[PDB]
Amino acid sequence: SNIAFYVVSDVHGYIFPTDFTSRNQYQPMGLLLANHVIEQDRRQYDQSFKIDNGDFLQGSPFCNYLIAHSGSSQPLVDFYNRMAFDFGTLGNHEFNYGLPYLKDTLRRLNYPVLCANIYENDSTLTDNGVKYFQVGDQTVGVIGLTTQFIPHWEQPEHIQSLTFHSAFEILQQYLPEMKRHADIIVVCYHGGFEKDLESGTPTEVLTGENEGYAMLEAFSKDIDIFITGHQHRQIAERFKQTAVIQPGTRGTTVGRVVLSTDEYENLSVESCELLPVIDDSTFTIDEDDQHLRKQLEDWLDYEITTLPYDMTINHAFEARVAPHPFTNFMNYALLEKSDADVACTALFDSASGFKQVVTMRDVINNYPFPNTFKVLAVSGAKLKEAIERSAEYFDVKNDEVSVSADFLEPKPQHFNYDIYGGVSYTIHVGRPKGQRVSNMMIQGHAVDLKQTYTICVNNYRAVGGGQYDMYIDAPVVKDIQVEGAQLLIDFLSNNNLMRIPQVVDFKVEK
Ligand SMILES: O=C(O)CCC(=O)C(=O)O
Ligand SMILES: [Mn+2]
Ligand SMILES: [Zn+2]
């Protein structure tokens with residue numbers, strides 16, 4: 002006898018088979034197609050469960066569209082509700098629009114979301130943290146856990162009443178009970194691994210963001226299935242006897258773990274792997290779904306404005322290693338809105354700059370996060386520290402400047418490299434981290450390390466996101482409650498002639 006567990010994670014609102022780079026795109030991804038793979042595959046097993054492991058409420062242009070129209074998650078929830086999931090977990094992105102929007106969403110889902118380590122006042126935010134069920138005369142126990150690092154990323158107003166506890170500690174505290182109650186333990190953690198599964202060597206700074214390895218080295222013998230996410234990696238292997246799974250992102254793959262009984266009648270892991278999501282001749286999309294997609298594409302094709310000249314980004318790396326007209330433009334927009342001495346922004350992975358005709362699609366692709374902004378008062382010394390952190394993005398390989406492995410593995414984080422405007426500087430990649438920034442000047446004046454300056458950063462940075470801890474608790478000079486996308490749209494609307502002065506002036510070399 003057997004049971005299959007199917008898991009999707011970090012779907013990020015990618016429901017349709019497209020990443021929205023162009024209107025007619027179709028590619029083997031998204032929840033509709035991932036779910037079709039599961040429905041076809043599950044028929045071979047005696048029984049099966051379907052699980053979503055977090056980061057489902059934000060990410061894609063579809064989510065941007067919902068916020069800009071109904072303001073409700075119902076159209077997204079509808080897709081999830083017709084698929085008959087058994088349970089899910091909370092990812093960090095479920096808090097991006099505030100606690101009331103999340104609570105409303107959980108009420109509308111027709112399955113439970115399990116989170117044992119996030120508390121609201123004196124009890125768990127979600128109704129439950131653990132769930133048990135039977136498979137023959139055996140009991141399965143499932144515990145849902147989420148990365149504790151949320152306060153380093155989210156707007157304070159969105160999480161003020163919450164308490165985030167270590168996933169390792171809550172698991173440890175629940176194991177005794179779960180071991181008494183169940184024969185099989187499933188842990189669903191919206192977090193990943195801070196050390197390599199085989200070597201055990203750290204693969205990132207041990208901040209507590211990711212605790213999966215610690216959880217496995219300490220409790221593997223009692224954990225039968227370890228479902229993970231957050232890092233967007235594709236992992237399907239065994240840690241000792243534990244089946245470990247991480248099924249990527251955007252419905253590109255589906256995780257499947259199968260358990261089967263012995264003659265003794267005890268359940269044991271039979272297989273653990275990732276199933277690829279592929280197109281096939283039986284897959285169809287309902288007419289109502291196709292109609293929703295059309296509304297979405299028409300909205301993305303909405304023309305914002307026409308520019309006199311082009312500002313396309315051909316090679317993203319080239320626009321990070323030296324000033325580019327598009328990064329100069331975004332920084333100028335921030336300096337004009339904020340009135341700060343300095344401003345900064347990352348060049349996101351999906352940014353392609355602007356062409357002469359700018360549509361809603363291009364705007365979203367250049368700034369696809371719902372970040373607002375803050376002007377912080379920082380000393381000249383703290384500013385240098387911030388530039389030094391960004392300079393860690395580079396490394397020297399084969400005698401030339403390249404992107405550091407730290408910022409590419411195990412997950413790309415181009416969003417953690419900032420390009421600064423209002424300040425000129427030199428980065429010397431061949432020098433030790435922490436002492437790579439030179440020639441800092443602000444308006445024909447060397448940066449006085451003891452003088453106070455103002456810098457406009459996004460809210461993610463303001464709370465230390467991306468290891469920019471020098472901004473935590475800096476005095477807030479101004480809270481700009483306008484998201485990045487709209488801030489650009491407003492700028493385009495008011496600056497017809499697009500006479501943009503040069504505010505980005507820096508260079509990167511050995
Ligand atoms: O919002 C940002 O700038 C950081 C991006 C982020 O939070 C993520 O990709 O997980
Ligand atoms: Mn996540
Ligand atoms: Zn994610």
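Using PDB author numbering, the letters of the sequence shown correspond one by one to residues 2 to 511.
Using N, Cα and C, we set each Cβ at its ideal position, and we do this for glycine too.
Inset, instruction - Please name the residue in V509, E40 and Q59 whose C-alpha comes closest to that of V12. - result: Taking the sequence shown and counting its residues from 1, the one referred to as residue 12 is at position 11. A check of alpha carbon separations from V12 across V509, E40 and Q59 identifies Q59 as the nearest.
Legend entry - C-beta contact flag for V505 and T455 at 7 Å: Counted from its first residue, the sequence shown places residue 505 at position 504. Counted from its first residue, the sequence shown places residue 455 at position 454. No.
Inset, instruction - Write down the C-beta distance between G31 and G354 rounded to the nearest angstrom, noting that I regard them as a contact closer than 8 Å. - result: The sequence position of residue 31 within the sequence shown is 30, counting from 1. The sequence position of residue 354 within the sequence shown is 353, counting from 1. No, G31 and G354 are not in contact; Cβ-Cβ is about 26 Å, not under 8 Å.
Legend entry - Ranges of the alpha helix (DSSP H) found wholly within the segment 370-440, counting only runs of at least 4: 381-392
Inset, instruction - Provide the residue span of the beta strand (DSSP E) that contains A5, from first to last. - result: Counting from 1 along the sequence shown, the entry for residue 5 is found at position 4. Per DSSP, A5 belongs to the beta strand (DSSP E) from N3 to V9.
Inset, instruction - Compare the beta carbon distance of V278 and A5 with 7 Å and say whether it is the shorter of the two. - result: What you label residue 278 is simply residue 277 of the sequence shown in a count that begins at 1. What you label residue 5 is simply residue 4 of the sequence shown in a count that begins at 1. No, these two residues do not count as a Cβ contact at 7 Å.
Legend entry - First and last residue of the uninterrupted alpha helix (DSSP H) at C64: Taking the first residue of the sequence shown as position 1, residue 64 is located at position 63. Here the alpha helix (DSSP H) through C64 covers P62 to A69.
Inset, instruction - Taking the CB atoms as reference points, tell me whether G192 and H231 lie closer together than 7 Å. - result: Residue 192 sits at position 191 when you count from the first residue of the sequence shown. Residue 231 sits at position 230 when you count from the first residue of the sequence shown. Closer than 7 Å, so yes.
Inset, instruction - Could you spell out where the beta strand (DSSP E) holding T453 opens and where it closes? - result: Translated into the one-based positions of the sequence shown, residue 453 becomes position 452. First-last of the beta strand (DSSP E) with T453: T453 to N459.
Legend entry - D56 Cβ short of 6 Å to ligand 3 heavy atom set: Here residue 56 refers to the residue found at position 55 when the sequence shown is read from its first residue. For ligand 3, at least one heavy atom lies less than 6 Å from the Cβ of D56.
Inset, instruction - State yes or no: is the C-beta of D396 nearer than 6 Å to some heavy atom of ligand 3? - result: Numbered from its first residue, the sequence shown carries residue 396 at position 395. Because no heavy atom of ligand 3 lies under 6 Å away, the Cβ of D396 does not count as near it: no.
Legend entry - Same chain only: Cβ atoms within 7 Å of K132, ignoring 5 sequence neighbours per side: Locating residue 132 in the sequence shown gives position 131, where the first residue counts as 1. These residues qualify, in order along the chain: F88, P113, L115 and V143.
Legend entry - Beta-bridge partners of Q232, as assigned by DSSP: The residue you call residue 232 lines up with position 231 of the sequence shown. DSSP output for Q232 lists no bridge partner at all.
Inset, instruction - Compute every distance between the C-beta of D11 and the non-hydrogen atoms of ligand 3, then say whether any falls below 6 Å. - result: Translated into positions along the sequence shown, residue 11 becomes position 10. Within the cutoff, so yes.
Inset, instruction - Pick helix, strand or coil for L163, following the three-state DSSP scheme. - result: Counted from its first residue, the sequence shown places residue 163 at position 162. Residue state, collapsed to three classes: strand.
Legend entry - Integer Cβ distance of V187 from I226, believed to fall under 8 Å: Mapped onto the sequence shown, residue 187 falls at position 186. Mapped onto the sequence shown, residue 226 falls at position 225. Confirmed, about 4 Å.
Legend entry - As assigned by DSSP and simplified to three states, the class of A317: Translated into the one-based positions of the sequence shown, residue 317 becomes position 316. In this structure, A317 counts as coil in the three-state DSSP scheme.
Legend entry - Residues bridged to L276 [DSSP beta-bridge criterion]: As a first step, residue 276 must be located in the sequence shown, where it is residue number 275. Residue pairing of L276 in beta bridges, as defined by DSSP: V255.
Inset, instruction - Starting from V12, follow its DSSP beta bridges and name the residues at the other end. - result: Translated into positions along the sequence shown, residue 12 becomes position 11. For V12, which the question treats as bridged, DSSP gives no partner whatsoever.
Inset, instruction - Return helix, strand or coil for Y190, following the three-state DSSP convention. - result: Within the sequence shown, the letter at position 189 stands for residue 190. Reduced to three states, the DSSP call for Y190 is strand.
Inset, instruction - Specify the secondary structure class of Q48 as computed by DSSP and reduced to three states. - result: In the sequence shown, residue 48 corresponds to position 47, counting from 1. If DSSP states are grouped into helix, strand and coil, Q48 belongs with the strands.
Legend entry - Among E386, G435, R437 and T346, nearest to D419 - alpha-carbon criterion: Locating residue 419 in the sequence shown gives position 418, where the first residue counts as 1. Here the closest residue by C-alpha is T346.
Inset, instruction - Taking only heavy atoms of ligand 2 into account, decide whether any of them is closer than 6 Å to the Cβ of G213. - result: Stepping through the sequence shown from its first residue, residue 213 is reached at position 212. For ligand 2, not one heavy atom lies less than 6 Å from the Cβ of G213.
Inset, instruction - Quick one: using the 10 Å Cβ neighbour count with 16 as the cut-off for buried, is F416 buried or exposed? - result: For the purposes of this step, residue 416 is taken as the residue at position 415 of the sequence shown. Classification for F416: buried.
Inset, instruction - Please name the residue in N372, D470, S221 and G431 whose C-alpha comes closest to that of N399. - result: Position 398 of the sequence shown holds residue 399. Per the Cα distances, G431.
Inset, instruction - Sort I365, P371, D287 and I473 by Cα distance to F80 and report the nearest one. - result: What you label residue 80 is simply residue 79 of the sequence shown in a count that begins at 1. Nearest C-alpha to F80: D287.
Inset, instruction - Flag this pair as touching only if the segment 210-226 and the segment 175-185 have three or more C-beta atom pairs under 8 Å; answer yes or no. - result: The segment 175-185 and the segment 210-226 touch, with three or more beta-carbon pairs separated by less than 8 Å.
Legend entry - Closest by C-alpha distance to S61, when choosing among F374, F370, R181 and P101: On the sequence shown, residue 61 is found 60 positions in, with the first residue counted as 1. Among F374, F370, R181 and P101, the Cα nearest to that of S61 is on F370.
Legend entry - Cut-off 7 Å between Cβ atoms - residues of its own chain near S351, not counting five sequence neighbours on either side: Taking the sequence shown and counting its residues from 1, the one referred to as residue 351 is at position 350. So the list reads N366 and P369, once near-sequence residues are dropped.
Legend entry - beta strand (DSSP E) segment containing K508, residue limits: By one-based count along the sequence shown, residue 508 stands at place 507. Where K508 is concerned, the enclosing beta strand (DSSP E) stretches over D506 to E510.
Inset, instruction - Put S282 into one of helix, strand or coil per three-state DSSP. - result: Walking along the sequence shown from the start, residue 282 turns up at place 281. Coil at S282, not helix or strand.
Legend entry - Meets three-Cβ-pair contact criterion under 8 Å: the segment 431-440 and the segment 388-397: Three or more beta-carbon pairs separated by less than 8 Å link the segment 431-440 to the segment 388-397, which places the two stretches in contact.
Inset, instruction - Using a threshold of 7 Å, state whether the C-beta atoms of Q296 and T373 are closer than that. - result: In the sequence shown, counting from the first residue as 1, residue 296 sits at position 295. In the sequence shown, counting from the first residue as 1, residue 373 sits at position 372. Not a contact, by the Cβ cut-off of 7 Å.
Legend entry - Exposure label - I428; buried when at least 16 CB within 10 Å: Taking the sequence shown and counting its residues from 1, one reaches residue 428 at position 427. Per the 10 Å Cβ criterion, buried.
Inset, instruction - Can you grab the Cα-Cα spacing for the pair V322 / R462, in whole Å? - result: Locating residue 322 in the sequence shown gives position 321, counting from the first residue. Locating residue 462 in the sequence shown gives position 461, counting from the first residue. Roughly 21 Å separates the two Cα atoms.
Legend entry - Spatial neighbours of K412 in its chain, beta-carbon cut-off 6 Å, leaving aside the 5 residues before and after: To locate residue 412, count along the sequence shown from 1; it is residue 411. The answer, listed in chain order, is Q232 and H233.
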